[PDB]
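Chemist: upload.txt is reproduced in full below (compact mmCIF, C-alpha atoms).
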```
# COMPACT_ATOMS: atom_id res chain seq x y z
CA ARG A 1 245.60 -121.36 119.59
CA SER A 2 245.61 -118.90 116.68
CA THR A 3 241.80 -118.89 116.70
CA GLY A 4 241.42 -117.33 120.15
CA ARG A 5 244.72 -115.56 120.77
CA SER A 6 244.30 -113.42 117.64
CA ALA A 7 240.60 -112.98 118.45
CA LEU A 8 241.61 -112.16 122.03
CA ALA A 9 243.88 -109.42 120.65
CA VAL A 10 240.59 -107.89 119.48
CA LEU A 11 239.35 -106.85 122.93
CA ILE A 12 242.87 -106.34 124.34
CA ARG A 13 243.22 -103.42 121.94
CA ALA A 14 239.51 -102.62 121.96
CA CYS A 15 238.60 -102.09 125.61
CA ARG A 16 241.83 -100.33 126.60
CA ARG A 17 241.81 -97.85 123.69
CA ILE A 18 238.11 -97.13 124.17
CA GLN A 19 238.91 -95.87 127.67
CA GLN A 20 241.79 -93.83 126.26
CA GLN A 21 239.30 -91.62 124.41
CA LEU A 22 237.76 -90.50 127.71
CA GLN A 23 241.05 -88.84 128.74
CA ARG A 24 240.88 -86.45 125.78
CA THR A 25 237.19 -85.62 126.20
CA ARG A 26 238.12 -84.81 129.80
CA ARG A 27 241.07 -82.72 128.63
CA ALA A 28 239.01 -81.15 125.86
CA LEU A 29 235.50 -80.30 127.12
CA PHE A 30 236.53 -79.07 130.60
CA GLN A 31 239.39 -77.13 129.12
CA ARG A 32 236.80 -75.60 126.75
CA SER A 33 233.89 -75.30 129.20
CA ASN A 34 235.93 -73.04 131.49
CA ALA A 35 235.93 -70.40 128.76
CA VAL A 36 232.22 -69.85 129.45
CA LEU A 37 233.06 -69.07 133.07
CA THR A 38 235.73 -66.60 131.93
CA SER A 39 233.06 -64.74 129.96
CA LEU A 40 230.44 -64.72 132.73
CA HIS A 41 232.82 -63.20 135.27
CA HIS A 42 233.93 -60.88 132.48
CA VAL A 43 230.30 -59.91 131.94
CA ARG A 44 230.41 -58.35 135.40
CA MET A 45 233.86 -57.05 134.45
CA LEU A 46 231.94 -54.82 132.06
CA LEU A 47 230.00 -53.26 134.94
CA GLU B 1 226.94 -37.42 133.62
CA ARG B 2 227.26 -40.49 135.85
CA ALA B 3 223.82 -41.98 135.19
CA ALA B 4 224.56 -42.13 131.46
CA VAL B 5 227.69 -44.26 131.88
CA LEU B 6 225.81 -46.06 134.66
CA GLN B 7 222.88 -46.66 132.31
CA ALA B 8 224.97 -47.46 129.24
CA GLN B 9 226.92 -50.31 130.82
CA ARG B 10 223.73 -52.05 131.97
CA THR B 11 222.60 -52.58 128.38
CA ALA B 12 226.11 -53.56 127.28
CA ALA B 13 226.46 -56.20 130.01
CA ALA B 14 223.10 -57.83 129.28
CA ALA B 15 224.04 -57.98 125.59
CA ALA B 16 227.12 -60.14 126.17
CA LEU B 17 224.91 -62.46 128.21
CA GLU B 18 223.09 -63.37 125.02
CA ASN B 19 226.50 -63.55 123.39
CA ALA B 20 227.24 -66.05 126.15
CA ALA B 21 223.75 -67.57 125.93
CA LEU B 22 224.58 -69.35 122.68
CA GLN B 23 228.08 -70.01 124.03
CA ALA B 24 226.88 -72.06 127.02
CA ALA B 25 224.24 -73.76 124.85
CA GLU B 26 227.13 -75.49 123.05
CA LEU B 27 228.20 -77.62 126.02
CA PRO B 28 225.16 -80.00 126.11
CA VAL B 29 225.75 -80.91 122.46
CA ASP B 30 229.50 -80.91 123.14
CA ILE B 31 228.74 -83.73 125.57
CA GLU B 32 226.92 -86.15 123.25
CA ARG B 33 229.41 -86.42 120.38
CA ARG B 34 232.16 -86.94 122.98
CA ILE B 35 230.21 -89.73 124.70
CA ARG B 36 227.51 -91.29 122.52
CA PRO B 37 230.04 -92.73 119.99
CA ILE B 38 231.95 -94.35 122.88
CA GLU B 39 228.82 -96.25 123.91
CA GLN B 40 228.48 -98.63 120.96
CA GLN B 41 232.14 -99.57 121.39
CA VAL B 42 231.74 -101.00 124.89
CA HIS B 43 228.32 -102.40 123.96
CA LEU C 1 242.59 -59.06 130.04
CA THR C 2 239.57 -61.12 131.11
CA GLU C 3 241.40 -63.61 133.32
CA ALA C 4 243.84 -60.99 134.62
CA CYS C 5 241.20 -59.60 136.97
CA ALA C 6 239.03 -62.72 136.75
CA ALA C 7 241.65 -64.83 138.51
CA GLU C 8 241.81 -61.82 140.84
CA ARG C 9 237.98 -61.62 141.01
CA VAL C 10 238.40 -57.90 140.30
CA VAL C 11 236.05 -55.80 138.19
CA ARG C 12 238.68 -53.39 136.81
CA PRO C 13 242.34 -53.66 135.70
CA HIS C 14 243.22 -50.53 137.67
CA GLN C 15 242.08 -52.34 140.80
CA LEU C 16 244.39 -55.13 139.62
CA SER C 17 247.72 -55.17 141.42
CA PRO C 18 250.45 -53.36 139.44
CA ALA C 19 252.55 -56.53 139.52
CA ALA C 20 250.03 -58.37 137.34
CA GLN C 21 249.38 -55.11 135.47
CA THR C 22 253.03 -55.03 134.40
CA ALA C 23 252.82 -58.78 133.73
CA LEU C 24 250.71 -58.31 130.61
CA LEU C 25 252.63 -55.13 129.75
CA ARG C 26 255.77 -57.24 129.31
CA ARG C 27 254.00 -59.39 126.72
CA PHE C 28 251.90 -56.54 125.31
CA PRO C 29 253.72 -53.21 124.85
CA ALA C 30 250.60 -51.47 123.52
CA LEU C 31 248.79 -51.64 126.89
CA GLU C 32 251.06 -48.86 128.18
CA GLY C 33 248.74 -46.25 126.70
CA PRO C 34 245.60 -47.18 128.64
CA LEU C 35 247.47 -48.27 131.79
CA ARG C 36 250.48 -45.94 132.07
CA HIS C 37 248.93 -42.72 130.84
CA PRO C 38 248.47 -40.26 133.74
CA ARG C 39 245.47 -38.34 132.34
CA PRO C 40 243.85 -40.53 129.69
CA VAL C 41 241.40 -38.54 127.60
CA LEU C 42 239.25 -41.67 127.74
CA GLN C 43 238.68 -43.86 130.78
CA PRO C 44 240.84 -46.88 129.94
CA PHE C 45 239.46 -50.43 129.72
CA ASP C 46 235.82 -49.35 129.93
CA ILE C 47 232.81 -49.37 127.62
CA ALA C 48 230.74 -46.24 128.33
CA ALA C 49 234.03 -44.37 128.86
CA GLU C 50 233.55 -42.91 125.38
CA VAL C 51 230.13 -41.61 126.42
CA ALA C 52 231.65 -40.01 129.52
CA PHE C 53 233.96 -38.23 127.08
CA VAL C 54 230.90 -36.73 125.41
CA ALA C 55 228.74 -35.88 128.43
CA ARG C 56 231.52 -33.99 130.21
CA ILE C 57 231.93 -31.83 127.11
CA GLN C 58 228.19 -31.19 127.30
CA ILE C 59 228.63 -29.90 130.85
CA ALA C 60 231.78 -28.02 129.84
CA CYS C 61 229.77 -26.10 127.23
CA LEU C 62 226.84 -25.35 129.55
CA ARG C 63 228.86 -23.71 132.31
CA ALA C 64 230.57 -21.70 129.57
CA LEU C 65 227.11 -20.16 129.16
CA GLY C 66 225.63 -19.78 132.64
CA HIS C 67 228.78 -18.13 133.94
CA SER C 68 228.91 -15.95 130.82
CA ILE C 69 225.14 -15.44 130.90
CA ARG C 70 225.43 -14.36 134.53
```
Give the structure from this file in structure tokens form.
Modeler:
Amino acid sequence: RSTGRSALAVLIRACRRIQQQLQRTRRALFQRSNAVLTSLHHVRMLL
Amino acid sequence: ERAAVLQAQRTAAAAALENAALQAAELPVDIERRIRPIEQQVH
Amino acid sequence: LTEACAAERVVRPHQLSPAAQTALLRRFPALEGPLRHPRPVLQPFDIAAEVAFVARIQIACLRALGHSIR
């Protein structure tokens, strides 16, 4: 019982926290990548 | 007097493009380090 | 200042609506000078505006001759 159930707690924490990282990379990169767009439309804002 | 200002801004605008050229070039590398390390996990 | 007229898809802050123009003024009291000045000696929020300052003086000096030459 303690062989599997503590080795099953491996993946239970592993696969759910792996997919938690994706949320941040979503809420990091695409929050950051939109700064490039701000510049490009500001490049015309020069002209 | 107009053509000067009209000329001047053309050079200025193309300059910031190359200021943005390196800026945009960040995103493809921004992608890997936010993904590639996640791969060996699930593997 | 970028996204003010970027979200408005506008090239210039003077073509920005004065509601949003005052919006940044509330946060930023220094923007009064470029925005609220009736006859700015320099065209506000531009780049070559400084050059326009020079070239008009060039013209100003020339006519001071031709009219006096005449």
Chemist: Just want the 12 Å neighbourhood of residue 42 of chain A, counted on all atoms listed in the file, with same-chain residues fewer than 6 positions away dropped. Output as a VMD selection string.
Modeler: (chain A and resid 35 to 36) or (chain B and resid 12 to 14 16 to 17 20) or (chain C and resid 1 to 13 46)
Chemist: Closest to residue 45 of chain A among B:9, B:2, B:22, B:42, using all atoms listed in the file?
Modeler: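 Ranked by minimum distance to residue 45 of chain A, first place goes to B:9.
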Chemist: Point out the residue among C:49, C:35, C:23, C:41 with the least atom-to-atom distance to residue 6 of chain B, counting all atoms listed in the file.
Modeler: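 Closest candidate: C:49.
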Chemist: If the cut-off is 9 Å, can you tell me the residues of chain A near chain B, counting only C-alpha atoms? I'd like them as a short mmCIF file (atom, residue, chain, number, x, y, z; two decimals) with C-alpha atoms, in the frame of the given file.
Modeler:
```
data_model
loop_
_atom_site.label_atom_id
_atom_site.label_comp_id
_atom_site.auth_asym_id
_atom_site.auth_seq_id
_atom_site.Cartn_x
_atom_site.Cartn_y
_atom_site.Cartn_z
CA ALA A 14 239.51 -102.62 121.96
CA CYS A 15 238.60 -102.09 125.61
CA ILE A 18 238.11 -97.13 124.17
CA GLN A 19 238.91 -95.87 127.67
CA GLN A 21 239.30 -91.62 124.41
CA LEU A 22 237.76 -90.50 127.71
CA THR A 25 237.19 -85.62 126.20
CA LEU A 29 235.50 -80.30 127.12
CA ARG A 32 236.80 -75.60 126.75
CA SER A 33 233.89 -75.30 129.20
CA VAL A 36 232.22 -69.85 129.45
CA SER A 39 233.06 -64.74 129.96
CA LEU A 40 230.44 -64.72 132.73
CA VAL A 43 230.30 -59.91 131.94
CA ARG A 44 230.41 -58.35 135.40
CA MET A 45 233.86 -57.05 134.45
CA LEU A 46 231.94 -54.82 132.06
CA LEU A 47 230.00 -53.26 134.94
#
```
Chemist: Provide as a PyMOL selection string the residues of chain C at most 12 Å from chain B, counting only C-alpha atoms.
Modeler: chain C and resi 43+46-60
Chemist: Have a look at C:20, C:15, C:65, C:32 and name the one nearest to chain A; count only C-alpha atoms.
Modeler: C:15
Chemist: State, in Å with one decimal place, the distance from atom CA of residue 28 of chain A to atom CA of residue 41 of chain A.
Modeler: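 Separating atom CA of residue 28 of chain A from atom CA of residue 41 of chain A is a distance of 21.2 Å.
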Chemist: Between atom CA of residue 1 of chain A and atom CA of residue 43 of chain B, what distance in Å does the model show, to one decimal?
Modeler: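 Atom-to-atom, atom CA of residue 1 of chain A and atom CA of residue 43 of chain B are spaced 26.0 Å apart.
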Chemist: Just how far from atom CA of residue 37 of chain B is atom CA of residue 4 of chain A, in Å to one decimal?
Modeler: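 So the answer is 27.1 Å.
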Chemist: Between A:31, A:3, A:20, A:38, which has the minimum distance to chain C (counting all atoms listed in the file)?
Modeler: A:38
Chemist: Counting all atoms listed in the file, which residue out of C:42, C:16, C:28, C:69 sits closest to chain A?
Modeler: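 Of C:42, C:16, C:28, C:69, the one nearest chain A, counting all atoms listed in the file, is C:16.
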Chemist: Can you complete the atoms of segment 6-22 of chain A to N, CA, C and O atoms and list them as an mmCIF file, keeping the file's coordinate frame?
Modeler:
```cif
data_model
loop_
_atom_site.group_PDB
_atom_site.id
_atom_site.type_symbol
_atom_site.label_atom_id
_atom_site.label_comp_id
_atom_site.auth_asym_id
_atom_site.auth_seq_id
_atom_site.Cartn_x
_atom_site.Cartn_y
_atom_site.Cartn_z
ATOM 1 N N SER A 6 244.477 -114.554 118.538
ATOM 2 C CA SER A 6 244.300 -113.420 117.640
ATOM 3 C C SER A 6 242.905 -112.818 117.715
ATOM 4 O O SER A 6 242.729 -111.652 117.342
ATOM 5 N N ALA A 7 241.909 -113.577 118.181
ATOM 6 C CA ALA A 7 240.600 -112.980 118.450
ATOM 7 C C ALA A 7 240.530 -112.434 119.870
ATOM 8 O O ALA A 7 239.611 -111.673 120.192
ATOM 9 N N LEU A 8 241.476 -112.814 120.732
ATOM 10 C CA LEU A 8 241.610 -112.160 122.030
ATOM 11 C C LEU A 8 242.355 -110.838 121.911
ATOM 12 O O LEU A 8 242.114 -109.934 122.718
ATOM 13 N N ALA A 9 243.251 -110.707 120.928
ATOM 14 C CA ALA A 9 243.880 -109.420 120.650
ATOM 15 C C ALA A 9 242.865 -108.378 120.200
ATOM 16 O O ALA A 9 243.173 -107.181 120.217
ATOM 17 N N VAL A 10 241.676 -108.814 119.782
ATOM 18 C CA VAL A 10 240.590 -107.890 119.480
ATOM 19 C C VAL A 10 240.293 -107.004 120.684
ATOM 20 O O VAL A 10 240.567 -105.798 120.678
ATOM 21 N N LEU A 11 239.733 -107.597 121.738
ATOM 22 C CA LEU A 11 239.350 -106.850 122.930
ATOM 23 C C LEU A 11 240.542 -106.213 123.637
ATOM 24 O O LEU A 11 240.398 -105.104 124.161
ATOM 25 N N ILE A 12 241.700 -106.879 123.659
ATOM 26 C CA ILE A 12 242.870 -106.340 124.340
ATOM 27 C C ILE A 12 243.202 -104.947 123.811
ATOM 28 O O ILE A 12 243.516 -104.028 124.577
ATOM 29 N N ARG A 13 243.126 -104.765 122.491
ATOM 30 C CA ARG A 13 243.220 -103.420 121.940
ATOM 31 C C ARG A 13 241.922 -102.652 122.067
ATOM 32 O O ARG A 13 241.956 -101.426 122.224
ATOM 33 N N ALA A 14 240.777 -103.333 121.994
ATOM 34 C CA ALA A 14 239.510 -102.620 121.960
ATOM 35 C C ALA A 14 239.204 -101.920 123.280
ATOM 36 O O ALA A 14 239.062 -100.694 123.309
ATOM 37 N N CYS A 15 239.142 -102.664 124.386
ATOM 38 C CA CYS A 15 238.600 -102.090 125.610
ATOM 39 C C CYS A 15 239.572 -101.121 126.274
ATOM 40 O O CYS A 15 239.150 -100.237 127.028
ATOM 41 N N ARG A 16 240.872 -101.265 126.015
ATOM 42 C CA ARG A 16 241.830 -100.330 126.600
ATOM 43 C C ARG A 16 241.917 -99.024 125.822
ATOM 44 O O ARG A 16 242.116 -97.970 126.436
ATOM 45 N N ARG A 17 241.774 -99.061 124.496
ATOM 46 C CA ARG A 17 241.810 -97.850 123.690
ATOM 47 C C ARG A 17 240.495 -97.084 123.708
ATOM 48 O O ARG A 17 240.494 -95.859 123.549
ATOM 49 N N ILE A 18 239.375 -97.793 123.870
ATOM 50 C CA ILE A 18 238.110 -97.130 124.170
ATOM 51 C C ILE A 18 238.279 -96.181 125.344
ATOM 52 O O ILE A 18 237.951 -94.992 125.245
ATOM 53 N N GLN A 19 238.809 -96.679 126.458
ATOM 54 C CA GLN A 19 238.910 -95.870 127.670
ATOM 55 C C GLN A 19 240.031 -94.845 127.574
ATOM 56 O O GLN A 19 240.175 -94.002 128.466
ATOM 57 N N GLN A 20 240.836 -94.899 126.510
ATOM 58 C CA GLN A 20 241.790 -93.830 126.260
ATOM 59 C C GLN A 20 241.115 -92.583 125.708
ATOM 60 O O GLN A 20 241.595 -91.466 125.935
ATOM 61 N N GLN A 21 240.013 -92.761 124.977
ATOM 62 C CA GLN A 21 239.300 -91.620 124.410
ATOM 63 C C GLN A 21 238.777 -90.700 125.499
ATOM 64 O O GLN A 21 238.806 -89.475 125.339
ATOM 65 N N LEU A 22 238.293 -91.272 126.602
ATOM 66 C CA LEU A 22 237.760 -90.500 127.710
ATOM 67 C C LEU A 22 238.745 -89.455 128.225
ATOM 68 O O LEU A 22 238.324 -88.343 128.558
#
```
